[PDB]
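Since the structure comes first, as structure tokens, the remarks are kept for the end.
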Amino acid sequence: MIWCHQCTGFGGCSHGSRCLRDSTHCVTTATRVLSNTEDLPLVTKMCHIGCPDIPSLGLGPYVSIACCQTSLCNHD
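Letter by letter, the sequence shown follows residues 100 to 175 in the entry's author numbering.
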């Protein structure tokens with residue numbers, strides 16, 4: 100278990116939060132949303148025991164997933 104960013108997005112905000120006792124990795128999903136009118140791309144960050152995939156967060160494709168085995172490895 101480690102600390103990472105669990106922010107919603109709206110450009111790629113930040114928020115150091117404690118991950119799950121089981122989750123020892125961080126995930127970064129940078130993609131658009133279902134909204135037909137947006138000013139910036141959505142960036143949902145979270146933690147997991149590896150590097151899963153959930154393109155359902157948007158329209159499916161055009162989805163990018165960047166995971167890593169490092170605390171708060173979602174920085175810039």
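Using N, Cα and C, we set each Cβ at its ideal position, and we do this for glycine too.
Should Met100 go down as buried or exposed, given a rule of 16 or more other Cβ atoms within 10 Å for buried? exposed
Task: Beta-carbon proximity check, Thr123 vs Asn173, cutoff 8 Å - done: no
Taking the alpha-carbon positions, what's the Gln105 to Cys167 distance? 14 Å
Worksheet item: From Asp175 to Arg120, what distance separates their C-alpha atoms?
Response: 25 Å
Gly157 and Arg117: beta carbons closer than 8 Å? no
| request: Between the Cα of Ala129 and those of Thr169, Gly108, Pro151, spot the shortest distance and give me the residue it belongs to. | output: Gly108
query: Among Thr143, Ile153, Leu139, which has the Cα closest to the Cα of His114?
result: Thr143
request  = Would you mind stating whether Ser163 and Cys103 have Cβ atoms separated by less than 8 Å?
outcome  = no
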